[PDB]
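The structure under discussion appears below in the form of structure tokens.
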Amino acid sequence: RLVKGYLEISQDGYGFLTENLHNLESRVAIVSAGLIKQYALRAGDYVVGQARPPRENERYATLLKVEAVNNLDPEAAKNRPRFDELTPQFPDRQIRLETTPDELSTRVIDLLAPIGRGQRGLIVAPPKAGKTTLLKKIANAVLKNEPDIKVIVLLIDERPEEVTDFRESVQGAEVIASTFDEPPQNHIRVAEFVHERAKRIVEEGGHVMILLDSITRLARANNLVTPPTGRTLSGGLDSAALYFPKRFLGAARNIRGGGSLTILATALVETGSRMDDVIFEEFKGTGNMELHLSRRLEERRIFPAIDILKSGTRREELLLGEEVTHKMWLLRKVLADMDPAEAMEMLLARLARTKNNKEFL
Amino acid sequence: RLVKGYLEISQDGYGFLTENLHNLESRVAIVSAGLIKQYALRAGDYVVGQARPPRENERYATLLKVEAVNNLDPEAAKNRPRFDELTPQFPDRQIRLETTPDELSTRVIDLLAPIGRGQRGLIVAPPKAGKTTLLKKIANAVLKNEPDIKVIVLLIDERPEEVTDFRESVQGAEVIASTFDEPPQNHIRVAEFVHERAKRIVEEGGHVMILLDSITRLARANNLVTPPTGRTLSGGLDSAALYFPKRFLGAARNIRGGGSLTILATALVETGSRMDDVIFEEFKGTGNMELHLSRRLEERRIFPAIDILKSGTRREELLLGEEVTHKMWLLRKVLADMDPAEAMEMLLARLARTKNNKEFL
Amino acid sequence: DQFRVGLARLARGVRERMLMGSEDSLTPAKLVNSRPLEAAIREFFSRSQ
Ligand SMILES: Nc1ncnc2c1ncn2[C@@H]1O[C@H](COP(=O)(O)OP(=O)(O)O)[C@@H](O)[C@H]1O
Ligand SMILES: Nc1ncnc2c1ncn2[C@@H]1O[C@H](COP(=O)(O)OP(=O)(O)O)[C@@H](O)[C@H]1O
Ligand code: BEF
Ligand code: BEF
Ligand code: BEF
Ligand SMILES: [Mg+2]
Ligand SMILES: [Mg+2]
């Protein structure tokens, strides 16, 4: 009998193998501390191996033998550089975005905020400004442009119907979700488990993206889980609560030893709460990509409702050739002077004609 | 067997020798209180000497003999003026700046804020204003203009890849860093250790420049570490947290008996937080040099994006001759009335022609 | 004799642990723990009247 799951090490030195729901489950498989010390396993490690039905007085099946860890043999798990010891650098290898049902949006992203592997990216928008739909487009474009990469879709504190839509529209990539019906604790647990799994995979030189809707809601859960910290930050935030979201987001990085973690998360702003704006500003100093969407641009029903001027990346020279870089510089010079809605409509009109390379020509 | 390190005296009367990482390790060398009293060693004192492997039940190596302290014989440690009693003066010894990859930057710095030995200076900029790049230029310029002076780079709460870039671009000078991935505890510890080392060296008549990126993040770590202090200052600051940053910064000074401690630090402003603005104003009352960077100039891609009018020092006469002082006075009078971006463009065009002294003619 | 008492108690714990010990890679620690008899010797030399 074979079982599979993701390793979750308990305080007692023994661990459990989890299912996709990322929670304690009756079918979780026991893993003794002995096996953990044997295979140098770590939280988030994907473990597959023969297991047996629990003996009398055993409530959970036990892993009889370890066969594969993160889809590979356990040996390499003993001798491998630790994720925290991997060198973090800039994303030096870009990804071109294209999704058939909306190529306008993917091309506009390509021209505004090119994506590389190891990206720490963020999209900032008021409610109802193309955020969730845009993230769907990016997921689809990745699953057409970067099939090799372990694409992970994480949905925190968000809408159940959106979970269903993305589950169905992600064509099989790992969609993990925890709706607003769930308490913050479930959100934090699932998010951290997914995070640890991603870091374990990237440890193996693997390429991962985490598409995190509502990183702000994750920060809210982090705040509410922070038990005192003493003083409260202005706007209702806690001083030490944001350390966990900050580390969470800053884990994404380019590795000079292979593989990387690219996290694209969604930020809410202009919500009338100092809390949201403070979270936005705090994460901006950690991220290498910001893409702004304007509420007014939505209100006119012109899409994708992107705020061109505010959007951009850092170190585009590392993801673009000089021709593309100077093209982008020319375009931004042309667009800097003129209004958001007008700018976006005009750009859509120009880009509707041809694919980006021809609109260049 | 020879060992080396920097002395960290613990609460128990015995100390440890550390490496550049500025924390506890397994390889730190034990130093008995007897040796400390014998050679008057203090925290930050650099100790080199023959050591021995630990005996059984001993966990760290012990310094069998002291050979050199602060690169000199231990006897002088007995008879030397203590750092805190060194007479402070104004910086009476200017340091000319020239860095080949951007001599316009160093030139404008010279024409806006001449640097001396014992300078207590600050560069104030919003996010993404070349603050970090300007600090890099200053470092590179010092590493040819003042190769003699012990150049220490302290990066606190900042981007790991910037740490790598400065490590490689500093050409071997002492780069100490503690990224935002670290808790404030690590930041404070490393900063204090580096500071104590610097004061110990300057006590030896030594010259030190500490280029500190993110002094405001250091203040943030101080505020987070401060256990209560009770009442909250406007902006979320703590009343007594800033005492330690203030002392840290005010330590920089001109010694009338030899050596100097100069600290050039990077400050954040226009961040939307009263906290940063209060920190800036509080430190401005202790420093002698301020160089202001404009976000709008960066948005126009005009570098160095300096706010000339807000830029300046105190007691420039001590760092400039009469001809230079009056030339700078003329230059400010002309540029006093001009708009920030356009004034910078004017100055850059005028300086692009030739070297500064040639620009005078 | 206090020594033997400690060894007997240690035999109890090591006995339970071996059966709980899934694999044979349990001799060093899963079979060995000096807390019981060590504290017993302390008890006899200090808590014995
Ligand atoms: N590119 C688009 N094309 C068509 N409809 C869009 C587009 N972007 C957003 N919308 C509309 O906006 C509504 C909510 O968008 P969503 O992105 O979920 O809001 P938010 O940006 O707050 O997540 C949807 O009902 C959808 O019809
Ligand atoms: N002199 C310069 N030359 C080229 N790029 C610059 C210069 N100054 C700033 N930049 C741009 O600004 C960014 C660095 O921001 P930085 O100055 O480190 O932030 P802060 O000013 O808050 O420390 C880089 O991405 C770079 O493109
Ligand atoms: F309500 Be929206 F999706 F932020
Ligand atoms: F974002 Be900058 F480096 F302060
Ligand atoms: F900083 Be001054 F003394 F007002
Ligand atoms: Mg939405
Ligand atoms: Mg910076």
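Identifiers in the structure tokens: chain A, B, ... in order shown; residue index from 1 per chain; ligand index from 1 in order shown.
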| query | Near residue 137 of chain B, counting only C-alpha atoms, which residues have an atom at most 10 Å away, once you skip same-chain residues fewer than 3 positions from it, shown as a list in words? | reply | residues 97, 98, 99, 100, 101, 102, 103, 105, 106, 130, 131, 132, 133, 134, 140, 141, 142, 143, 169 and 170 of chain B
Only N, CA and C atoms, please: the residues just picked out, written as an mmCIF file, in the first residue's frame.
```cif
data_model
loop_
_atom_site.group_PDB
_atom_site.id
_atom_site.type_symbol
_atom_site.label_atom_id
_atom_site.label_comp_id
_atom_site.auth_asym_id
_atom_site.auth_seq_id
_atom_site.Cartn_x
_atom_site.Cartn_y
_atom_site.Cartn_z
ATOM 1 N N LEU B 97 36.193 64.227 -3.549
ATOM 2 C CA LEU B 97 35.497 63.082 -4.122
ATOM 3 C C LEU B 97 35.747 63.049 -5.620
ATOM 4 N N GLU B 98 36.195 61.903 -6.117
ATOM 5 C CA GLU B 98 36.201 61.643 -7.545
ATOM 6 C C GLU B 98 36.042 60.151 -7.769
ATOM 7 N N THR B 99 34.968 59.778 -8.460
ATOM 8 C CA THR B 99 34.763 58.400 -8.887
ATOM 9 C C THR B 99 34.515 58.429 -10.385
ATOM 10 N N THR B 100 35.323 57.677 -11.128
ATOM 11 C CA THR B 100 35.299 57.730 -12.589
ATOM 12 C C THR B 100 33.939 57.404 -13.195
ATOM 13 N N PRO B 101 33.261 56.312 -12.832
ATOM 14 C CA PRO B 101 31.980 55.992 -13.475
ATOM 15 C C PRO B 101 30.891 57.032 -13.270
ATOM 16 N N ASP B 102 30.970 57.828 -12.207
ATOM 17 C CA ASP B 102 30.165 59.035 -12.115
ATOM 18 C C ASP B 102 30.941 60.098 -11.351
ATOM 19 N N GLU B 103 31.695 60.923 -12.077
ATOM 20 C CA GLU B 103 32.372 62.048 -11.453
ATOM 21 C C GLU B 103 31.453 63.249 -11.333
ATOM 22 N N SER B 105 28.446 62.966 -10.083
ATOM 23 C CA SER B 105 27.862 62.777 -8.760
ATOM 24 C C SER B 105 28.794 63.287 -7.671
ATOM 25 N N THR B 106 30.049 62.837 -7.686
ATOM 26 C CA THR B 106 31.004 63.282 -6.678
ATOM 27 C C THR B 106 31.233 64.784 -6.774
ATOM 28 N N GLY B 130 18.099 56.942 -5.839
ATOM 29 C CA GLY B 130 19.538 56.838 -5.971
ATOM 30 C C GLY B 130 20.283 56.907 -4.662
ATOM 31 N N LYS B 131 19.563 57.086 -3.555
ATOM 32 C CA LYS B 131 20.163 57.082 -2.226
ATOM 33 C C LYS B 131 21.205 55.976 -2.100
ATOM 34 N N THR B 132 20.796 54.736 -2.370
ATOM 35 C CA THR B 132 21.728 53.618 -2.293
ATOM 36 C C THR B 132 22.836 53.746 -3.331
ATOM 37 N N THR B 133 22.478 54.104 -4.565
ATOM 38 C CA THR B 133 23.489 54.249 -5.606
ATOM 39 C C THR B 133 24.444 55.389 -5.286
ATOM 40 N N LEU B 134 23.922 56.490 -4.747
ATOM 41 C CA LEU B 134 24.793 57.586 -4.348
ATOM 42 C C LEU B 134 25.755 57.144 -3.259
ATOM 43 N N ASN B 140 32.898 54.187 -3.562
ATOM 44 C CA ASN B 140 33.870 53.984 -4.624
ATOM 45 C C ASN B 140 34.839 55.158 -4.683
ATOM 46 N N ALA B 141 34.326 56.376 -4.494
ATOM 47 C CA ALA B 141 35.166 57.564 -4.542
ATOM 48 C C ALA B 141 36.145 57.589 -3.379
ATOM 49 N N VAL B 142 35.687 57.204 -2.190
ATOM 50 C CA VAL B 142 36.564 57.151 -1.027
ATOM 51 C C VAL B 142 37.655 56.110 -1.227
ATOM 52 N N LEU B 143 37.308 54.980 -1.835
ATOM 53 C CA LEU B 143 38.268 53.894 -2.027
ATOM 54 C C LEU B 143 39.382 54.237 -3.004
ATOM 55 N N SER B 169 31.318 45.301 -5.406
ATOM 56 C CA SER B 169 31.704 46.603 -5.928
ATOM 57 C C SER B 169 32.515 47.425 -4.941
ATOM 58 N N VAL B 170 32.660 46.964 -3.694
ATOM 59 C CA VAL B 170 33.439 47.703 -2.708
ATOM 60 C C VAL B 170 34.925 47.408 -2.822
#
```
| query | Within 10 Å of ligand 6, counting only C-alpha atoms and all ligand atoms: which residues, as number ranges by chain? | reply | A: 125-135, 158-159, 162, 213-214, 266, 268
| field | Contacts of residue 66 of chain A at 9 Å (only C-alpha atoms; same-chain gap of 3+ positions) as a PyMOL selection string | value | chain A and resi 35+39+47-51+63+69+73-74
Chain A residues near ligand 4 within 12 Å, closest pair each, using only C-alpha atoms and all ligand atoms, as a tab-separated table:
```
residue	atom	partner	partner_atom_place_in_ligand_line	distance
A:281	CA	ligand 4	1 (F)	10.2
A:282	CA	ligand 4	1 (F)	10.1
A:283	CA	ligand 4	1 (F)	10.4
A:284	CA	ligand 4	1 (F)	8.0
A:285	CA	ligand 4	1 (F)	5.1
A:286	CA	ligand 4	1 (F)	7.8
A:287	CA	ligand 4	1 (F)	9.3
A:288	CA	ligand 4	1 (F)	9.7
A:314	CA	ligand 4	1 (F)	10.6
```
Exercise answer, chain A residues close to chain B, 10 Å and only C-alpha atoms, as a PDB file with N, CA and C atoms, in the first residue's frame:
```
ATOM      1  N   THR A  87      21.760  31.493  -2.880  1.00  0.00           N
ATOM      2  CA  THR A  87      22.093  32.889  -3.132  1.00  0.00           C
ATOM      3  C   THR A  87      20.897  33.611  -3.743  1.00  0.00           C
ATOM      4  N   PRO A  88      20.359  34.644  -3.099  1.00  0.00           N
ATOM      5  CA  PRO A  88      19.295  35.429  -3.730  1.00  0.00           C
ATOM      6  C   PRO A  88      19.860  36.520  -4.620  1.00  0.00           C
ATOM      7  N   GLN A  89      19.336  36.580  -5.837  1.00  0.00           N
ATOM      8  CA  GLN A  89      19.774  37.544  -6.832  1.00  0.00           C
ATOM      9  C   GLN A  89      18.578  38.029  -7.633  1.00  0.00           C
ATOM     10  N   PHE A  90      18.862  38.829  -8.652  1.00  0.00           N
ATOM     11  CA  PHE A  90      17.805  39.342  -9.497  1.00  0.00           C
ATOM     12  C   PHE A  90      17.288  38.246 -10.415  1.00  0.00           C
ATOM     13  N   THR A 229       2.398  42.156  20.915  1.00  0.00           N
ATOM     14  CA  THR A 229       3.437  43.032  20.384  1.00  0.00           C
ATOM     15  C   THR A 229       3.491  44.395  21.086  1.00  0.00           C
ATOM     16  N   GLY A 230       2.615  44.643  22.058  1.00  0.00           N
ATOM     17  CA  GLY A 230       2.574  45.941  22.709  1.00  0.00           C
ATOM     18  C   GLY A 230       1.818  46.997  21.926  1.00  0.00           C
ATOM     19  N   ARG A 231       2.538  47.964  21.363  1.00  0.00           N
ATOM     20  CA  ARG A 231       1.906  49.116  20.733  1.00  0.00           C
ATOM     21  C   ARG A 231       1.316  48.748  19.378  1.00  0.00           C
ATOM     22  N   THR A 232       0.319  49.521  18.950  1.00  0.00           N
ATOM     23  CA  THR A 232      -0.320  49.324  17.657  1.00  0.00           C
ATOM     24  C   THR A 232       0.153  50.390  16.676  1.00  0.00           C
ATOM     25  N   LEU A 233       0.497  49.962  15.464  1.00  0.00           N
ATOM     26  CA  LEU A 233       0.888  50.897  14.419  1.00  0.00           C
ATOM     27  C   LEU A 233      -0.307  51.739  13.990  1.00  0.00           C
ATOM     28  N   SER A 234      -0.017  52.906  13.420  1.00  0.00           N
ATOM     29  CA  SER A 234      -1.078  53.775  12.930  1.00  0.00           C
ATOM     30  C   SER A 234      -1.876  53.067  11.844  1.00  0.00           C
ATOM     31  N   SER A 239       2.956  46.091  14.963  1.00  0.00           N
ATOM     32  CA  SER A 239       4.346  46.316  14.590  1.00  0.00           C
ATOM     33  C   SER A 239       5.021  45.036  14.106  1.00  0.00           C
ATOM     34  N   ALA A 240       4.823  43.923  14.812  1.00  0.00           N
ATOM     35  CA  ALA A 240       5.534  42.686  14.514  1.00  0.00           C
ATOM     36  C   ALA A 240       4.733  41.743  13.632  1.00  0.00           C
ATOM     37  N   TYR A 243       6.059  41.209  10.043  1.00  0.00           N
ATOM     38  CA  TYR A 243       7.309  40.494   9.820  1.00  0.00           C
ATOM     39  C   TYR A 243       7.052  39.196   9.068  1.00  0.00           C
ATOM     40  N   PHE A 244       6.001  38.477   9.450  1.00  0.00           N
ATOM     41  CA  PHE A 244       5.703  37.212   8.785  1.00  0.00           C
ATOM     42  C   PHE A 244       5.293  37.416   7.336  1.00  0.00           C
ATOM     43  N   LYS A 246       6.146  39.870   5.456  1.00  0.00           N
ATOM     44  CA  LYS A 246       7.344  40.364   4.789  1.00  0.00           C
ATOM     45  C   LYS A 246       8.281  39.225   4.432  1.00  0.00           C
ATOM     46  N   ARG A 247       8.583  38.365   5.401  1.00  0.00           N
ATOM     47  CA  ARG A 247       9.428  37.208   5.136  1.00  0.00           C
ATOM     48  C   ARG A 247       8.781  36.311   4.093  1.00  0.00           C
ATOM     49  N   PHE A 248       7.477  36.094   4.236  1.00  0.00           N
ATOM     50  CA  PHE A 248       6.712  35.294   3.294  1.00  0.00           C
ATOM     51  C   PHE A 248       6.931  35.774   1.866  1.00  0.00           C
ATOM     52  N   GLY A 250       9.272  38.047   0.732  1.00  0.00           N
ATOM     53  CA  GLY A 250      10.675  38.156   0.401  1.00  0.00           C
ATOM     54  C   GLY A 250      11.372  36.840   0.179  1.00  0.00           C
ATOM     55  N   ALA A 251      10.724  35.725   0.513  1.00  0.00           N
ATOM     56  CA  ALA A 251      11.300  34.427   0.189  1.00  0.00           C
ATOM     57  C   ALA A 251      11.518  34.282  -1.313  1.00  0.00           C
ATOM     58  N   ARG A 253      12.796  34.761  -4.847  1.00  0.00           N
ATOM     59  CA  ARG A 253      14.155  35.189  -5.137  1.00  0.00           C
ATOM     60  C   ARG A 253      14.688  34.394  -6.318  1.00  0.00           C
ATOM     61  N   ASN A 254      15.689  34.962  -6.980  1.00  0.00           N
ATOM     62  CA  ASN A 254      16.404  34.279  -8.043  1.00  0.00           C
ATOM     63  C   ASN A 254      17.608  33.570  -7.445  1.00  0.00           C
ATOM     64  N   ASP A 277      -3.399  50.921   2.940  1.00  0.00           N
ATOM     65  CA  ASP A 277      -2.355  51.728   2.321  1.00  0.00           C
ATOM     66  C   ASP A 277      -1.003  51.471   2.973  1.00  0.00           C
ATOM     67  N   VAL A 278      -0.989  51.302   4.295  1.00  0.00           N
ATOM     68  CA  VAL A 278       0.258  51.015   4.996  1.00  0.00           C
ATOM     69  C   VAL A 278       0.811  49.667   4.558  1.00  0.00           C
ATOM     70  N   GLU A 281       2.359  50.159   1.118  1.00  0.00           N
ATOM     71  CA  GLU A 281       3.654  50.826   1.164  1.00  0.00           C
ATOM     72  C   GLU A 281       4.721  49.897   1.724  1.00  0.00           C
ATOM     73  N   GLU A 282       4.380  49.135   2.762  1.00  0.00           N
ATOM     74  CA  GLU A 282       5.342  48.236   3.377  1.00  0.00           C
ATOM     75  C   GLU A 282       5.819  47.157   2.424  1.00  0.00           C
ATOM     76  N   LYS A 284       5.700  47.342  -0.847  1.00  0.00           N
ATOM     77  CA  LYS A 284       6.333  47.942  -2.016  1.00  0.00           C
ATOM     78  C   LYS A 284       7.844  48.013  -1.845  1.00  0.00           C
ATOM     79  N   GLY A 285       8.308  48.325  -0.636  1.00  0.00           N
ATOM     80  CA  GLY A 285       9.735  48.376  -0.382  1.00  0.00           C
ATOM     81  C   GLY A 285      10.423  47.031  -0.432  1.00  0.00           C
ATOM     82  N   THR A 286       9.658  45.942  -0.461  1.00  0.00           N
ATOM     83  CA  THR A 286      10.208  44.601  -0.578  1.00  0.00           C
ATOM     84  C   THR A 286      10.065  44.016  -1.972  1.00  0.00           C
ATOM     85  N   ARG A 314      11.808  46.679 -11.637  1.00  0.00           N
ATOM     86  CA  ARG A 314      13.140  47.144 -11.280  1.00  0.00           C
ATOM     87  C   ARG A 314      14.175  46.245 -11.952  1.00  0.00           C
ATOM     88  N   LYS A 333       8.002  57.511 -22.287  1.00  0.00           N
ATOM     89  CA  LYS A 333       8.145  58.939 -22.541  1.00  0.00           C
ATOM     90  C   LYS A 333       6.902  59.496 -23.223  1.00  0.00           C
ATOM     91  N   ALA A 336       3.913  59.297 -20.529  1.00  0.00           N
ATOM     92  CA  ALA A 336       4.032  59.926 -19.217  1.00  0.00           C
ATOM     93  C   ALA A 336       3.143  61.157 -19.115  1.00  0.00           C
TER      94      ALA A 336
END
```
| message | With 12 Å as the limit and counting only C-alpha atoms, what residues in chain A lie close to chain C? Please list them as number ranges by chain. | response | A: 30-35, 37-38, 55, 58, 62-65
| request: List every residue of segment 90-176 of chain B that DSSP, applied to the backbone of this structure, assigns to strand (DSSP E), and report them as a list in words. | output: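 Written out, the strand (DSSP E) residues of segment 90-176 of chain B are residues 94, 95, 115, 116, 120, 121, 122, 123, 124, 125, 150, 151, 152, 153, 154, 155, 156, 174, 175 and 176 of chain B.
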| said: as a PyMOL selection string, please: every residue in chain C that a backbone DSSP assignment puts in helix (DSSP H, G or I). | reply: chain C and resi 2-20+35-47
Could you take the residues named above and write them with N, CA and C atoms, as a short mmCIF file (atom, residue, chain, number, x, y, z; two decimals), in the first residue's frame?
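again39.cif, written as the output of this step:
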```
data_model
loop_
_atom_site.label_atom_id
_atom_site.label_comp_id
_atom_site.auth_asym_id
_atom_site.auth_seq_id
_atom_site.Cartn_x
_atom_site.Cartn_y
_atom_site.Cartn_z
N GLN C 2 20.86 0.54 44.64
CA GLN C 2 20.22 1.66 43.94
C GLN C 2 20.61 1.67 42.47
N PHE C 3 21.84 1.28 42.17
CA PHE C 3 22.29 1.14 40.79
C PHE C 3 21.40 0.17 40.02
N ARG C 4 21.16 -1.01 40.61
CA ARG C 4 20.32 -2.01 39.99
C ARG C 4 18.89 -1.54 39.84
N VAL C 5 18.37 -0.79 40.81
CA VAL C 5 17.03 -0.24 40.70
C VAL C 5 16.95 0.69 39.49
N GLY C 6 17.95 1.56 39.35
CA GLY C 6 17.99 2.43 38.19
C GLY C 6 18.06 1.66 36.88
N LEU C 7 18.89 0.61 36.84
CA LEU C 7 18.98 -0.20 35.63
C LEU C 7 17.67 -0.91 35.33
N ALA C 8 16.96 -1.39 36.36
CA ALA C 8 15.68 -2.04 36.13
C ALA C 8 14.66 -1.05 35.57
N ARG C 9 14.59 0.14 36.15
CA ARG C 9 13.69 1.15 35.59
C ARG C 9 14.08 1.50 34.17
N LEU C 10 15.38 1.62 33.89
CA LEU C 10 15.83 1.90 32.53
C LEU C 10 15.46 0.76 31.59
N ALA C 11 15.53 -0.48 32.07
CA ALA C 11 15.09 -1.61 31.28
C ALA C 11 13.62 -1.48 30.94
N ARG C 12 12.81 -1.01 31.89
CA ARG C 12 11.40 -0.78 31.60
C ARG C 12 11.23 0.17 30.41
N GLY C 13 11.88 1.33 30.48
CA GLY C 13 11.71 2.33 29.43
C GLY C 13 12.25 1.87 28.10
N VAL C 14 13.44 1.27 28.10
CA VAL C 14 14.03 0.76 26.87
C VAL C 14 13.18 -0.36 26.29
N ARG C 15 12.57 -1.17 27.15
CA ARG C 15 11.67 -2.22 26.69
C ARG C 15 10.48 -1.62 25.96
N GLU C 16 9.83 -0.64 26.59
CA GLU C 16 8.71 0.00 25.91
C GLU C 16 9.15 0.63 24.60
N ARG C 17 10.30 1.31 24.61
CA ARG C 17 10.74 2.03 23.42
C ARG C 17 11.12 1.10 22.27
N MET C 18 11.72 -0.06 22.55
CA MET C 18 12.10 -0.93 21.44
C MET C 18 10.87 -1.37 20.67
N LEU C 19 9.83 -1.82 21.38
CA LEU C 19 8.59 -2.17 20.71
C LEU C 19 7.97 -0.97 20.03
N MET C 20 7.97 0.19 20.69
CA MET C 20 7.59 1.42 20.00
C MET C 20 8.59 1.74 18.89
N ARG C 35 18.29 9.51 32.49
CA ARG C 35 17.55 10.32 33.46
C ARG C 35 17.17 9.50 34.69
N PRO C 36 16.52 8.36 34.52
CA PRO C 36 15.97 7.64 35.68
C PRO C 36 17.02 7.22 36.70
N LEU C 37 17.98 6.39 36.29
CA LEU C 37 18.96 5.87 37.24
C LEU C 37 19.89 6.97 37.72
N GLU C 38 20.16 7.95 36.86
CA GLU C 38 21.01 9.07 37.25
C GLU C 38 20.38 9.82 38.42
N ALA C 39 19.09 10.15 38.27
CA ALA C 39 18.36 10.80 39.35
C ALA C 39 18.21 9.88 40.55
N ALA C 40 18.13 8.57 40.32
CA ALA C 40 18.03 7.63 41.44
C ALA C 40 19.30 7.64 42.29
N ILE C 41 20.46 7.69 41.63
CA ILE C 41 21.72 7.78 42.36
C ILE C 41 21.78 9.09 43.14
N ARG C 42 21.39 10.19 42.49
CA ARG C 42 21.25 11.44 43.23
C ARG C 42 20.35 11.29 44.44
N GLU C 43 19.23 10.58 44.29
CA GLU C 43 18.30 10.43 45.40
C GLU C 43 18.94 9.67 46.55
N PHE C 44 19.64 8.58 46.24
CA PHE C 44 20.25 7.80 47.31
C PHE C 44 21.37 8.56 48.00
N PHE C 45 22.18 9.30 47.25
CA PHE C 45 23.31 9.97 47.89
C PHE C 45 22.94 11.31 48.50
N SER C 46 21.77 11.85 48.16
CA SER C 46 21.27 13.08 48.75
C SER C 46 19.94 12.90 49.47
N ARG C 47 18.96 12.25 48.85
CA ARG C 47 17.66 12.06 49.46
C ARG C 47 17.58 10.82 50.34
#
```
| Shell around residue 117 of chain A at 10 Å using only C-alpha atoms, local window under 4 positions removed, as a ChimeraX atom specification | /A:90-95,149,207-209,252-255,259-263,319
| task | Have a look at atom CA of residue 83 of chain B and atom CA of residue 68 of chain B and let me know their distance in Å, one decimal. | result |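 Calculated distance between atom CA of residue 83 of chain B and atom CA of residue 68 of chain B is 19.0 Å.
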| request: Give me, please, the distance in Å between atom CA of residue 303 of chain A and atom 7 (C, counted along the ligand's line) of ligand 1, quoted to one decimal. | output: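 Straight-line distance from atom CA of residue 303 of chain A to atom 7 (C, counted along the ligand's line) of ligand 1 works out to 5.8 Å.
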| request: Quote the spacing between atom CA of residue 195 of chain A and atom CA of residue 315 of chain A in Å to one decimal place. | output: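 Interatomic distance here is 25.6 Å.
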| Contacts of residue 19 of chain A at 8 Å or less, counting only C-alpha atoms, minus same-chain residues fewer than 3 places along, as a VMD selection string? | chain A and resid 4 to 6 22 to 23 25 28
